[PDB]
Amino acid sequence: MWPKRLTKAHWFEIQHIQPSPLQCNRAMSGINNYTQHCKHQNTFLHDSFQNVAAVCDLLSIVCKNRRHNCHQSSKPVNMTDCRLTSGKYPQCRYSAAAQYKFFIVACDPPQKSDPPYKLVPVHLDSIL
């Protein structure tokens, strides 16, 4: 069981960080349990937290929400798109689609219980 309240950065890691590609149904089951529903879509980045957090140090750009705390990867990375195809919670089933794309993350200063980087990733703003 993941604990009661996760930081935004910790939830980002749980939700979007998976360096070796796995089975969509397996990978989503934990996330779905914590949210108590079948998430309709999720993108897993096949890269390490360390590598993704490093993107936070790159040039800041505008996010979809018009904030300026977003950062684009310097290279594309392997990722998988999981899309809900059937089932009612907790029986959620997915199809997988591999991608090789740049990504943009939103970054914030760490909270106290976060790893003490200058910035940590907290949202997957977009893939491009």
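Residues carry their position along the shown sequence, with the first being 1. The term rigid core refers to the maximal set of C-alpha atoms that superpose within 1.5 Å between the two forms.
Of the stretches 12-20 and 103-111, which sits farther from where it is here in 4 other deposited structures of this protein, on average over its Cα atoms, after fitting the core?
The answer is 12-20, which departs more from the shown form in 4 other deposited structures of this protein.
Going by the mean C-alpha B-factor recorded in the entry, which is higher: 32-40 or 80-88?
Mean C-alpha B-factor is greater for 80-88.
Read off the CA B-factors in the entry, average them over 41-49 and over 60-68, and name the higher stretch.
The recorded data point to 60-68.
Among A9, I104, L22, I17, where is the Cα temperature factor highest, going by the PDB entry?
Of the candidates given, the C-alpha B-factor peaks at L22.
When the deposited Cα B-factors of this chain's modelled residues are ordered and cut into thirds, is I127 in the lowest, the middle or the highest one?
Its C-alpha B-factor, which the entry lists for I127, ranks in the middle third among residues of this chain.
Where does the C-alpha B-factor of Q99 rank in its chain, lowest, middle or highest third?
Within its chain, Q99 is a middle-third residue by C-alpha B-factor, going by the deposited values.
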